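As a starting point, one isolated chain is supplied in structure tokens, in the form deposited in one PDB entry.
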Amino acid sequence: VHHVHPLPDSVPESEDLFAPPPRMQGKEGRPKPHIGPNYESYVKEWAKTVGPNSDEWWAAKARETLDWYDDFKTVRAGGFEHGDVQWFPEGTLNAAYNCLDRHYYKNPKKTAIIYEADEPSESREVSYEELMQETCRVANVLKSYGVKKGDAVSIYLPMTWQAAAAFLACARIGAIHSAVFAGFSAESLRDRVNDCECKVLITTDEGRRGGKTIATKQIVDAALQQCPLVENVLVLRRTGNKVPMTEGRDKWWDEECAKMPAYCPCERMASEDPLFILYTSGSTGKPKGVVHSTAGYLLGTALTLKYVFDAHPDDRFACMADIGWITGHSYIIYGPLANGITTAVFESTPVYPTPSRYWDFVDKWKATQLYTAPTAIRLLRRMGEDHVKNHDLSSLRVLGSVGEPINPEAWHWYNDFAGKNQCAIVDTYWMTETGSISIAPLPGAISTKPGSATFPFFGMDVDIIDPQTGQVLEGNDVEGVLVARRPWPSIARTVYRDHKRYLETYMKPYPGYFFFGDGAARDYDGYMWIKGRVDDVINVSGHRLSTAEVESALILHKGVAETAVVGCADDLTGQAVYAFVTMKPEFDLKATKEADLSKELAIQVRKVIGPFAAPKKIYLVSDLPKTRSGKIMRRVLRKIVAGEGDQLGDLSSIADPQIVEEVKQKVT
């Protein structure tokens, strides 16, 4: 008699609620959680962070968490309507000072970064001392190129530890870094370099990932042929293979830094000075450069890292994402270093050299938290439990999932094998535009449901709106689109040189609120469930189906590895469901009739969800197009089903781009 249902799971609901396990109870010598031990302890604190009396908590947290050069007077001002959001406006600080210097002063030899190289043997620890020195050298290099406060600097770097040095060097001097995924095409890089109008670019000669070479300098040379503003390129010698270097314009990182001293003063930045531009990916049109301020962004990432992952001073936090993704900005670099702990820079893939890489990593470094995307989790689940069963992994207390809904089936695999049923699983919902985690369980306090984001984070006041009426749906057991009622410190302040695009996209669809673009439901118990992108909804004869529920139903079938469902025009039902399925490699599609597997999947969807949810067609494919932003390229599959595959655009964001040519063949 519940209008909203959990994402489909094999475990009955009665047996599917997971209270904080002993490692998250302060037992067995593990640290005490910062918030606990139950749901009410979370509400008691959160209620201090929203509403008309929350200034006090926020003022105290900002003064406790960050080192300031000048105190602020006003806590907050502004709003969504014109996009004039302000937090701590009169304060001054520097992000590099808070992520490096202050920690270097207390414990210089403490490990700031665990650099997990593409080849495991080349891995090493980078202390705060070394990281600060390299950051200062690069900052000195940038100042000699004439970079001033407020100038954009493009960064095209792979996942080597110096990427952190380059982010922080820009922040140290007040420049605005703009990081682009290594491996993006020359065209994509060009569009971002030209939009941010930078005069300096930082890159490598080459990157190494999964044993394959990323030809970064060659791609940069092709892009710069159409980037007339770029005058200096700083090239890090990562592999040492011969690459072209333009005399005058191109200089070697090691040769330039050797000329510079190893300390550099910090630019004193206003709270609202821009910290960075981060261009989103996966759209056809103009790239969208999301801008973040300094003090609110930093405080938000520091508080989320502390509270969502229950970080403590000696923790070794392992976020395995790429720094070209907001997840890397916030939970590799800014969040963890702000808190003064050890953070991971993972250069490889989850299956190089074998699908045991993640767990070999955890046991070698004694990682205490692990944070990756559902795409990685489904991949590891796909390769079998042999690569996980005989690892220790007991250093871990918290496992995190970010970037897409995590199917209960994958949630359980994570819970059973990575955590051995002794970690808390935090499903973190947020966006590039929100700066930091928006909805997630606090692991010492919240009992989890597989596939639920649970409850909003401090400072976040979220609601559900009927998109048909535009009115808020009060109470529980409601479904609609997710909106936030009030600004929060780490919200993006604008889209670079395109504020109108910022207002029209996020602020005007539901005037007075911030519009995430996701469908959501709040269940009988008040847990939030992120259903998927509003754009991915399929309307079958008046029934609106979300992607997370159908993909979750499909993966409950034995042998299914990963799925993706997209809609297309249908005369009978308005829109029809088309499902793309990949199976485990041990599956014998010769012994099983493919017509029979498609029929068994259609029944499984009809049982779990409804009579209307069955797919009209099902395509069996070896893999799906995925990005390093934790997402499946559904728009691409939708266009291919629509016959518009001839003009799909740039697939540079997809991990293995050759897969789209296979999907085209099988759909035709």
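Definition used throughout: the rigid core is the maximal C-alpha set that superposes within 1.5 Å between two forms. Heads up: residue numbers just count along the shown sequence, starting at 1. Only residues modelled in both forms are compared.
Unshown form deposited in another entry; subsequent notes refer to it.
Of the residues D273, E479, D518, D570, exactly one exceeds or equals a 2 Å C-alpha shift between the shown form and the other one once the rigid core is aligned, and that residue is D570. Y619 shows a C-alpha shift of 2 Å or greater between the shown form and the other one [criterion: core-superposed Cα displacement of 2 Å].
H543: CA moves 2 Å or more between the shown form and the other one after rigid-core fitting.
Fitting the two forms on the rigid core leaves the C-alpha of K558 displaced by at least 2 angstroms between the shown form and the other one. Cα of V478 to Cα of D535: at least 3 Å shorter in the other entry than in the shown structure. The distance between the CA atoms of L637 and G519 is at least 3 Å shorter in the other entry than in the form shown here.
Taking only residues common to both forms and fitting on the rigid core, the CA shifts of 2 Å or more between the shown form and the other one cluster into runs of 3 or more residues at 5-16, 532-588, 593-668.
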